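# An overview of the molecular structure
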Amino acid sequence: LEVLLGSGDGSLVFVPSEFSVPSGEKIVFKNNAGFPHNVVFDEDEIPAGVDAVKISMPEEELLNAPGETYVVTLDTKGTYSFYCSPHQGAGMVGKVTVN
Ligand SMILES: [Cu+2]
């Protein structure tokens, strides 16, 4: 599924934020507006089988320019919560449900 990082109008929201995807879905995250951004998964709020490092964009790096994309394949079923580190405090979080 294609997720827009920012609802165009600069607002620091993942579009969608809370959602569902089938097992093995290839999620794509694109810098729409309100960048810089990244997609880090909450190490607790993920199915243990998939270590966070396998789904989280390394904190060291970030989608700094507009248009830049990130991609991740969520194999195992479960609830995967994620956030944009530089805007975590601003509520730029989400929750994807691998059905
Ligand atoms: Cu952000």
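Reading guide: rules and limits
As drawn, each chain counts its residues from 1 in written sequence order, possibly unlike the entry's numbers, and residues without coordinates are not displayed. The side-chain values count all of the structure's non-hydrogen atoms but skip hydrogen atoms and water molecules. Side-chain rings of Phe, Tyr and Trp, where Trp is taken by its six-membered ring, are said to pair if the distance between their centres is within 6.5 Å; with planes under 30 degrees apart they count as stacked, over 60 as edge-to-face, and otherwise as tilted. Only DSSP runs of H or I with at least four residues qualify as helices, and only runs of E with at least two residues qualify as strands; both kinds are numbered from the N terminus onward. Burial status follows relative accessibility: with a 1.4 Å probe on protein chains alone, a residue under 20% of its type maximum counts as buried, one over 50% as exposed, and anything between as partly exposed. Because no water is among the atoms considered, metal sites can look incomplete, with donors defined as N, O and S atoms within 2.8 Å of the metal, or 3.2 Å for Na, K and Ca. Should DSSP find at least two bridges between two strands, the strands are taken to pair. UniProt positions are given in the numbering used here, feature names are shortened, and annotations may be inferred rather than shown by experiment. What makes two residues a contact is simply this: any of their non-hydrogen atoms within 4.5 Å. In protein, a polar contact means a hydrogen-donor-capable atom and an acceptor-capable atom, both N or O and within 3.5 Å, with residues adjacent in sequence counting only if both atoms are side-chain atoms; elsewhere, any N or O pair within 3.5 Å suffices.

For this coordinate set, the PDB header names solution NMR as the determination method.

## Comments concerning the packing of aromatic side chains
On inspection of all chains with the given rule, the structure shows seven aromatic pairs. Ring centres 6.3 Å apart and planes at 85° place the aromatic pair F41 and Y80 in the edge-to-face group. You can see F41 sitting in strand β5 (residues 40-41) and its partner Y80 sitting in strand β7 (residues 78-83), a full 39 residues away along the chain. Just as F41 is buried, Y80 falls in that class too. Here the aromatic cluster, defined as three or more aromatic residues joined through ring pairs, consists of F14, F19, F29, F41, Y70, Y80 and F82.

## Structural notes on the coordination of the copper ion
For the copper ion, the full set of protein donor atoms is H37 (ND1), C84 (SG) and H87 (ND1), at a range of 2.0 to 2.1 Å. Spacing between the donor residues of the copper ion along their common chain follows H-x46-C-x2-H. Each of the two residues, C84 as well as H87, counts as buried.

## Considerations on the sheet that holds strand β8 (residues 93-98)
Sheets are built from strands that pair by backbone hydrogen bonding, the pairs being arranged parallel or antiparallel. Pairing in this open sheet of four strands is mixed, and the strands run β3-β8-β7-β5 from one edge to the other. Since the sheet does not close on itself, it has two edges, and those belong to β3 (18-21) and β5, each with one partner. Where β3 and β8 come together, four bridges link them in parallel fashion. Across the sheet, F19 pairs through a bridge with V96, a residue of β8.

## Topic: the UniProt feature "binding site: Cu cation" in the protein
Taking the UniProt record as the reference, the feature "binding site: Cu cation" is found at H37, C84, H87 and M92. Taking the farthest pair of C-alpha atoms as the criterion, the annotated set spanning 56 residues converges on one region, since that pair is 9.3 Å apart. Its place among the elements puts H37 in the loop between β4 (25-31) and β5. With residues up to four places along the chain from it excluded, the contact list for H37 reads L5, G6, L12, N31, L62, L63, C84, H87 and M92. Polar contacts involving the side chain of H37 include one to the main-chain carbonyl oxygen of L5, which spans 3.3 Å. Examined against the element boundaries, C84 turns out to sit in the loop between β7 and β8. When neighbours within four sequence positions are excluded, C84 is seen to be in contact with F14, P36, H37, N38 and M92.

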